[PDB]
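**Student:** The amino acid sequence is not available; the structure is as follows:
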């Protein structure tokens, strides 16, 4: 079955490993430090 | 094009919207959608500070976050009825597990030299069974290799297949004689209960992934 | 007989090697008579 | 022909055996729930969603057995 | 014919085995109820609903085994 | 005659299931005696509860038995 | 028929398995009795009637297994 | 013939399985005896005959199982 | 043919193995409840321990399941 | 022929009965160790009782073993 | 030969049953860990090494079972 | 004839299942020992002979079984 | 002969079941270790050699199942 | 809104990336062998 | 923390591991422990604050981990060295006494103390 055994494995794996590296960079440099900023901003007003 | 390729794009676009369309231009007070991803951020921050807990825990805090979110979104997309999985294409998830496992094994070799095999002396134990405990630690070390991926894969694949088989039975349940059309809502409710359960076992599995490859990362970074 | 009576006997036993002091010995020897009273009435001052 | 159809029915029956352990499992979690709650009088609000989680997980093992039974029974 | 009909009868029989776990399961729940009630006394009004819930869920697993027997019959 | 053989066999297999109920029933009554011995007084509340559980645990064994008879007779 | 008479003898064996459960069961009731009675002492007056009730049904489950065993065995 | 005689032997083997439950059962009574006797220090004069009764009753199920085995075995 | 029959039958046999895992998961969760109810305050240390233990218990079951799948598919 | 095979198989199945007795023996002895650790001093009364409990549990197993020999040798 | 190849596929299934024991075992060690750590919260650092040793050994019995399965599968 | 030799090797396998019981049994006796020492370390010297005795007797049931395995296997 | 070669491989699979008992056994010993250490905080120096001994003996019984399995599988 | 805050990842995740290339290559060959059937 | 207190002494009224003989067998209390109340049986006691250990022979009492990590141990009279040969002789006489004569229980307790003393 297509949802069991395909043979399209290298095609799949190419698009797959690309999605992982994209999300890794995207989270790490962009979206996570923008959460860390929310925390630090709340704390800076809290400190002041 | 290719359904798999199209759905890898859908995962990326869902994740992009979750840190853009969720709050406007950063409002300190917080916006209701972003409250969720604050709590997720904190419980994985304080969890992997709890696990590996080095000074490089936060260096693997994004990595453990994108291993969470990948599995978290791809077990909502596959839950749509007319939808073609990515994660229940096992070959990507199991391959990804093997990549992380090898990247732990290499990391362990790098971090703990050729005395990496001292990891496979589990504890100080009697010397005539020290070599036995190297064999049946290493056997378990690459049983750890496939368990992590295949756990998640099996749960999601089996869940969808279970629902579909019961749906096919309930199609013919509602296409036979009227005494079977009495209590026609009860198999629908049963399939619905399984569908509720399939979300649960997928979200727990993303946490199980991320704690388990934190336990493996604990092994890889620091000896034991 | 009470649990604390058991403990009492144990404490007395504990004042038995020979390295003992008077205050210890005094803590395990005391004189008293419980005069069980009654409703005026009063059974004798029977030694405690 | 007959043999293959037969083989499918037999294998399905054997698979039904797998379910029993999960059944007992659900009970064990609930037993712990009752005993804990009777010890504290008050742990219950925290413990109850935890208990539901344990239930679901135990049940799921049984679901896997069942779906395998269905694969053999129905095909 | 003969082999398939036979296989149906056999397969149904094997399916009954699954129920035993639920039977024991139900007993464990009620045992817990009795233990809890004997331990606290007063917990009972909260605890009795929890016991009923646990009972129902245990029974459902056995029910699945039972209906599979009926299908094979 | 294979079918007739199978009919008798099927009954036998179903008989196995009853063993579980035998243990189960005992567990309910064990709990009764343990609880009652610790409290004394719990017994009057607990005995109705015990009987409910007793019946329920048994009923599962009755199902296993029911399939045995159903197979046996056809 | 060889197959049918054979199936009766084999089938009888299978039925006898049911008895094991009653064996463990009876023991569990008596275990609880001895523990309970040793804990309380004097619970025994109430508890001995309770114990007979529990013995009886546990035994009865065994008797159900037994009568089916006899039924197959004899014919 | 060969099949029927064979079936006696196979059925007997199967029958012998049931005995395992009784083996554990006797131990469960006796464990409770030991445990119980450690609990009271003094219940024992009542509890020892009470325990022998419990042993006998659990054992009886075992004897029934053995009986079916002998009926198959000896014929 | 005989080989194909053997795959389906063989698969059925493997499935019995899963039962042990089902009991196992529950034992960890029961312990979680017992531990939490006993200390109250242990919950935050014990909860990650419990999830890890759960995962490992599940893993043996998963292997049984995988042998079943392997026989079914080939 | 078939009969010869049958006695060997039947002998195998009968051997399994021993399993329960082996568990039984340990349960009596476990209770012995537990009792003696509880009292420090129950042992004088209990040690005869423990050998009795052991013997009786074992006796059930001996029934299994003799049936096995009755099939196999007989 | 169909019979030999078939035998591998049946036999593999039979082997798989053994693995269950280790599975229950793993849970038992972890259960003790949770209860133990609850009973003395500061025991955790001492006990956790002991726990990992025990985990590995208990699991190992399951592994040996699974190896024999693979020998039949791929033999 | 081939059937007889087949039955020997199958039968050998069947008997091997009995050994599992002894494997649990040995552990139970040592578990009792561990608990006894921890609950009262002064009991330890008294318990140790009883532990070795109980171990041997528990193990023995399995060793009887193992000899039966060789009787079937070799013939 | 096809039957006999298949019988060897089958008998191995059956033997593999035996391992499960030892697996549960391993866990029982380690569970006891964990419980005991929580009682004393400090018994472990005495108890740990006893635990290793107990583990080895339980493991040995498991290995008896395994060697019969390999005699059937290979031999 | 979105802002790049550089995270060192080259020095962190090199063994992961080396493993990825190797598995990619081995799976390329595995995929080609599986697409024959 | 720890309080080892008595009517006429306040021994250890910080402390890290305490080893106690209790109705629950022998118990060790280390840092945070579950909050319990257990009656201490007649005892040989070791108290360790750091690695340093002080040994007491104790008349039993009650032990209570308080939820503020105050291990209240209360007992009637204790040092192990003060308690402990001549006593063994006296206790032998007391063992004889149980034969003749509440007094049976008293003399029985004396025999228990003799066992505890033998442990020293």
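**Tutor:** On my side now, so go ahead. Residues are numbered from 1 along each chain as shown, chains lettered A, B, ... in the order given.

**Student:** Next, the buried residues of stretch B:199-214.
**Tutor:** Buried residues in stretch B:199-214, counted by 16 or more other C-beta atoms under 10 Å in any protein chain shown: B:200-202, B:204-214. Any C-beta I mention is one placed from the backbone N, CA and C, and that applies to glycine too.

**Student:** ok, how many other residues are close to residue 21?
**Tutor:** The chain I'm using is chain A. 13 (other C-beta atoms under 10 Å in any protein chain shown).

**Student:** The chain in question should be chain N.
**Tutor:** Quick note: residue N:21 (other C-beta under 10 Å) scores 11 neighbours.

**Student:** The one 3 residues further on too?
**Tutor:** The local packing of residue N:24 (other C-beta under 10 Å) involves 16 other residues.

**Student:** The helix or strand containing it and chain I, are they touching?
**Tutor:** Using DSSP states H and E, residue N:24 maps to helix N:14-34. No - applying C-beta under 8 Å from any C-beta of the partner chain, one finds helix N:14-34 separated from chain I by no less than 13.2 Å.

**Student:** tell me what that helix is packed against?
**Tutor:** With contacts defined as 3 or more C-beta pairs under 8 Å, 6 or more residues apart in numbering or on different chains; DSSP states H and E, helix N:14-34 has these neighbours: helix A:9-25, helix B:90-111.

**Student:** got the contact list for that helix?
**Tutor:** Identification of contacts with helix N:14-34 by C-beta atoms under 8 Å, 6 or more residues apart in numbering or on different chains yields A:7-11, A:13, A:17, B:95, B:98-100, B:102-103, B:106-107, B:110.

**Student:** so who does the residue in chain D that chain B sits nearest to touch?
**Tutor:** Closest residue of chain D to chain B, C-beta to the nearest C-beta: residue D:67 (4.0 Å). Shown in contact with residue D:67 (C-beta under 8 Å, 6+ apart): B:158, B:161, B:162, B:165.

**Student:** on that earlier part again, check the contacts of helix N:14-34 against residue K:42 and report the nearest one.
**Tutor:** residue B:107 (31.7 Å; C-beta to C-beta).

**Student:** The closest one touches residue B:219, doesn't it?
**Tutor:** No - if you go by C-beta atoms under 8 Å, residue B:107 and residue B:219 don't touch, sitting 9.5 Å apart.

**Student:** Residue 17 - how many residues pack around it?
**Tutor:** All of this refers to chain A. Residue A:17: 20 surrounding residues under other C-beta under 10 Å.

**Student:** that's the other chain; I wanted chain O
**Tutor:** 20.

**Student:** Settle this for me: it is touching residue O:27, isn't it.
**Tutor:** No - counting by C-beta under 8 Å, residue O:17 stays clear of residue O:27, with 11.1 Å between them.

**Student:** returning to that earlier point: near chain D, list only the ones from the buried residues of stretch B:199-214.
**Tutor:** Checking the buried residues of stretch B:199-214 against chain D (C-beta under 8 Å from any C-beta), the matches are B:200, B:201, B:204.

**Student:** Filter those down to just the ones in helices.
**Tutor:** B:200, B:201, B:204 (DSSP state H).

**Student:** so which of those also contact chain A?
**Tutor:** Contacts with chain A within these, counted by C-beta under 8 Å from any C-beta: none were found.

**Student:** Dump these into TSV; add distance to residue G:27 as well.
**Tutor:** What follows is those, written out as TSV (distance: C-beta to C-beta, whole Å):
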residue	distance to residue G:27
B:200	40
B:201	39
B:204	39
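
**Student:** Among the residues you listed, pick out the one closest to chain O, please.
**Tutor:** Nearest member of those to chain O, counting by C-beta to the nearest C-beta, is residue B:204, at 29.0 Å.

**Student:** Wait, the closest one touches residue D:57, no?
**Tutor:** Yes - in this structure residue B:204 lies within contact range of residue D:57 using C-beta under 8 Å: 7.0 Å.

**Student:** what two of the contacts of helix N:14-34 have the greatest distance between them?
**Tutor:** Largest pairwise distance in these, by C-beta to C-beta, is 35.6 Å, between A:7 and B:110.

**Student:** re earlier: distance to chain M added to the buried residues of stretch B:199-214, as a markdown table?
**Tutor:** Shown next, in a markdown table, are the buried residues of stretch B:199-214 (distance: C-beta to the nearest C-beta, whole Å):
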| residue | distance to chain M |
| --- | --- |
| B:200 | 28 |
| B:201 | 25 |
| B:202 | 29 |
| B:204 | 24 |
| B:205 | 25 |
| B:206 | 28 |
| B:207 | 25 |
| B:208 | 21 |
| B:209 | 25 |
| B:210 | 26 |
| B:211 | 21 |
| B:212 | 20 |
| B:213 | 25 |
| B:214 | 23 |
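
**Student:** Quick check: the residue of chain D nearest chain C.
**Tutor:** For chain D, C-beta to the nearest C-beta, closest residue to chain C: residue D:39, 24.9 Å.

**Student:** Okay, residue O:37 and residue O:61: tell me how far apart.
**Tutor:** Applying C-beta to C-beta, to the nearest Å, the value for residue O:37 to residue O:61 is 11 Å.
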